[PDB]
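Both blocks below hold the same protein chain, though in two forms, and each is given as structure tokens: structure 1 and structure 2.
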Structure 1
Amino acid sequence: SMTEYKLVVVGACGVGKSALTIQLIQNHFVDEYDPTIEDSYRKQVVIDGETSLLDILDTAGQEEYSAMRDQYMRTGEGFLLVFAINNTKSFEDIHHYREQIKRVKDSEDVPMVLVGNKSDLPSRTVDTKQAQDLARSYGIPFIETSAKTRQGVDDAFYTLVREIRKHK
């Protein structure tokens, strides 16, 4: 049998949720920005020698559409919480997404990974130490990614699968 993992990608506008997902699904990156409402993808992968089916829900909506996003998040078994290293608001918003996950999953212990995206950029407004401290305070992994160079992309999604497997 092949186990299926329902992974949900959340975070503020423009942080790279879709670019990260498309790197995983389609192995490329583009500079074009196509704003998301919601898009779902499926892909078979091998993780630690075991073939697995990933369902990726790529979300959007920030606070104005958060009540609608609840319904997609309720499907998820694990979450990527994405901010961009050059976007202070996106880091300050992580708390909101964390609280939304805990509420919709009705649990204090939900598989999650903090993702600091756009690590290819030559400038940044959020310290790596801030993100490490936030992830430690949540008890979750922190992974630095770039959808542009593919740095950390597989690690972010595969780590999230391992977090799900440890929760069960």
Structure 2
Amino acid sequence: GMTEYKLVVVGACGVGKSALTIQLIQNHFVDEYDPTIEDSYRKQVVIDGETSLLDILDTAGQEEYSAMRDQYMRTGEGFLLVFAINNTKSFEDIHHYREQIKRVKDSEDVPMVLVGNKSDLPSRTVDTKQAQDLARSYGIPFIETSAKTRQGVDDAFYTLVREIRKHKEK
């Protein structure tokens, strides 16, 4: 059989949400993708031997209220919290995005994975250890990625699927 998963990618403008999504959907690095386009994308993959259909909302547009975004967030099963390892403000924004998720959710137990993207860049400003502290404080996994080299991309999405499976077993 197959399982479907409704996933959401959140984070500050410019962290690589679209690049990560496109690495998962199309298996290469798209370095110019309209920063304003918010859409959902479907890809069938195989995770731990089970056919898995991932529907992924790549958040974008503006900070102003979008009902369609809200309705997708309210029903999302798992969230990638993406920052860029060369952008301290994007890391400090993670708290805000997690609070926003918890607010549109009734459950206190929402599957999430913290994702530190752009791991290929030498100009690092956020230490892996600072991100591990924050993920531990939330009780979620931390995954390092590069949408440029594809390092960690399957790890981020498939770890979120494994967290959703654990949630569904409760």
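FYI, numbering is relative to structure 1, first residue = 1. The term rigid core refers to the most C-alpha atoms you can superpose between the two forms while keeping them within 1.5 Å.
Rigid-core fit between structure 1 and structure 2: of 26, 40, 130, 66, the one residue whose Cα shifts 2 angstroms or more is 66. Its Cα shifted by 2.6 Å between structure 1 and structure 2, residue 75 is reported here after superposition on the rigid core. Relative to the superposed core, residue 116 moves its CA by 0.2 Å between structure 1 and structure 2.
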